[PDB]
Amino acid sequence: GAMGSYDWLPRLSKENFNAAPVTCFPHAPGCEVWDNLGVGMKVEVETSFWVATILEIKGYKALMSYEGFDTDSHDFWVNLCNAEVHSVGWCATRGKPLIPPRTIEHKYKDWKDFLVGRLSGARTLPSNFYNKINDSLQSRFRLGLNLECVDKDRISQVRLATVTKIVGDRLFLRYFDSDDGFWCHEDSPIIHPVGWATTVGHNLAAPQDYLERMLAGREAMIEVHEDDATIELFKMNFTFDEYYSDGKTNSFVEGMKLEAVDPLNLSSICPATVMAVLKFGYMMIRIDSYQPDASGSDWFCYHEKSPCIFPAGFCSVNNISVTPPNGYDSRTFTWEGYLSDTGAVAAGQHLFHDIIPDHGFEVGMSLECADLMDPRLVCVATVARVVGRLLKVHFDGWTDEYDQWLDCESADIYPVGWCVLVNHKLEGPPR
Amino acid sequence: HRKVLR
Ligand SMILES: OC[C@H]1O[C@@](CO)(O[C@H]2O[C@H](CO)[C@@H](O)[C@H](O)[C@H]2O)[C@@H](O)[C@@H]1O
Ligand SMILES: OC[C@H]1O[C@@](CO)(O[C@H]2O[C@H](CO)[C@@H](O)[C@H](O)[C@H]2O)[C@@H](O)[C@@H]1O
């Protein structure tokens, strides 16, 4: 933007740079259409054009090679989903000139034969390639919508907020009483529709008129406003049917111990406690590594189906190092010791959601990752660990304390090239 | 802040 950005290019051109395919990111624009692309397709590139072959696809980046070049000398990388690239036949339909690049002019007086020879029975870009890209490029939200958003100052409560900015499906949410707020993706589990808090039984901070509106929607009927962000705009991993129609999938009871990603420190998985069971599978969790203080205040809401909660012992079995409970010791800490101390009970494996999606991520893969500690930053990152469904992502050239445990389907992770597509500043390794 | 502007 106004300040510049990091470019992947110096890294792109080495045979050790492995990038997560766009296919890995269900929220990424062009995710579906992308696996129709192939590492051999021909394409029209460059007021005049030429055909080139895609030799290599890394994230959104494609290695182009012009026709009639003996060597890789003039191979060039493009952002496939936003370069001046078209499917073979584009020029002919529009009357645009196909002129050989200066370096190879001499090869022929006339070029139709050569090209026809190269283009016959050759693949190009999927049917409606760029339309599909542009459709997914749009936000479900629009500027000026009010929603209920986790209060960054009091994580045990949501606070009325407003969509103020949108850059590539990432929203800025400004709180009602404030010029403070945060960035988060459209799909993130910490933003909610108006009425959510009083539906679920979660704590709410909002204006008087709004507090009255929600109360007068639960004693009687929901009054919907023109600027309400409503349920249809939000991603949910379940439906309300499951709770009111079929027998409730509810299983956690208050007091059950478990393990959870620390919402205040994504590099940490800790013992936690179910502190209040809300409606529709939502529950208030307390991370036990905190100083005994969170009395209502620092409790956090995870839905029972969240891929950030795990049975006790999860770290142990998976060779993840656990953050021990407050007053305990990493060399010493044992669940069986902790439970006998606290006289508490641990939630059984059967209570947790255990589906391992076919995510395709693997150790060493490069990707772009939002910094949840500062979500205006999207940064160069690597898949440091893949534990079934769960990823440890490391920010290249930062320490390990900045690492983030994220779900493989997190909306905070993006294919290399996302930033330039969406037009967002990209942070490279620090120097 | 912990991350300085870059
Ligand atoms: O996992 C959410 C992810 O799915 C996409 C993929 O096309 O869209 C689906 O999910 C949305 C969230 O519930 C729905 O609103 C949408 O209608 C559905 O196609 C992405 O948009 C989204 O990032
Ligand atoms: O702007 C992020 C900012 O919010 C804090 C509040 O302490 O954490 C909240 O927001 C984060 C991303 O928006 C999430 O990591 C977190 O779950 C939520 O509680 C800060 O840690 C961070 O600086």
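No other residue among A:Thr273, A:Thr239 is within 16 Å of ligand 1 (Cβ to nearest atom) and not charged (D, E, K, R) apart from A:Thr239. Among residues of the stretch A:121-150 that are within 17 Å of A:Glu186 (Cβ to Cβ) and among the β-branched types (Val, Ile, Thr), those with a beta-carbon under 7 Å from a residue that is away from ligand 2 (no atom under 16 Å from the Cβ) and part of a loop (DSSP other than H, G, I, E, B) at least six positions away or on a different chain give the pairs A:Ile133/A:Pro29; A:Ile133/A:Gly30; A:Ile133/A:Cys81. Residue-level check: of (1) crowded, with 16+ Cβ neighbours inside 10 Å; (2) in contact with a helix residue (DSSP H, G or I) (Cβ under 8 Å, 6 or more places away or on another chain), A:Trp8 misses just (2). Evaluation of A:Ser268 against the conditions (1) surrounded by fewer than 14 Cβ atoms within 10 Å (Cβ to Cβ); (2) not in a loop (DSSP other than H, G, I, E, B) shows that the sole unmet condition is (1).
Within the stretch A:181-208, work out how many residues are within 16 Å of ligand 1 (Cβ to nearest atom), of a type in the set (A, V, I, L, M) and not in a loop (DSSP other than H, G, I, E, B). Summing the residues that are within 16 Å of ligand 1 (Cβ to nearest atom), of a type in the set (A, V, I, L, M) and not in a loop (DSSP other than H, G, I, E, B) in the stretch A:181-208 gives 1. Screening A:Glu254, A:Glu336 for residues that are part of a loop (DSSP other than H, G, I, E, B) and surrounded by fewer than 19 Cβ atoms within 10 Å (Cβ to Cβ) leaves exactly one candidate, A:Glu254. Consider A:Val393 against the criteria (1) crowded, with 20+ Cβ neighbours inside 10 Å; (2) over 30 Å from A:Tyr130 (Cβ atoms); (3) away from chain B (no Cβ under 14 Å); (4) of a type in the set (A, V, I, L, M, F, W, C): it satisfies all of them except one. Which criterion is unmet? Unmet condition: (2).
Here is the figure for the stretch A:124-180: residues that are in a loop (DSSP other than H, G, I, E, B), more than 21 Å from the chain's Cα centre (by Cα) and within 16 Å of ligand 2 (Cβ to nearest atom) total 6.
Every test in (1) buried (at least 18 other Cβ atoms within 10 Å of the Cβ); (2) part of a helix (DSSP H, G or I); (3) out of contact with any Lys or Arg (no Cβ under 7 Å at 6 or more places or on another chain) is passed by A:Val33 save one, and that test is (3). Going through (1) touching a strand residue (DSSP E or B) at 6+ places or on another chain (Cβ under 8 Å); (2) part of a loop (DSSP other than H, G, I, E, B) one by one, A:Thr249 falls short only on (1).
When the stretch A:30-59 is filtered for residues that are within 16 Å of ligand 1 (Cβ to nearest atom) and either hydrophobic (A, V, I, L, M, F, W, C) or under 19 Å from the mean Cα position of the chain (by Cα) (or both), the ones remaining, listed by number, are A:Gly30, A:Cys31, A:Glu32, A:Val33, A:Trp34, A:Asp35. Scanning the stretch A:101-157 for residues that are within 16 Å of ligand 1 (Cβ to nearest atom), closer than 30 Å to A:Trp299 by Cβ and surrounded by 16 or more Cβ atoms within 10 Å (Cβ to Cβ) gives A:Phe141, A:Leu145, A:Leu147. Among all residues of the stretch A:380-390, there is none that is of a type in the set (S, T, N, Q) and either within 14 Å of chain B (Cβ to nearest Cβ) or assigned to a loop (DSSP other than H, G, I, E, B) (or both).
Read the figures in this text as sums done on the coordinates, not as results from a lab. Here Cβ is always computed from backbone atoms with ideal geometry, including for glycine, and neighbour counts include all displayed protein chains.
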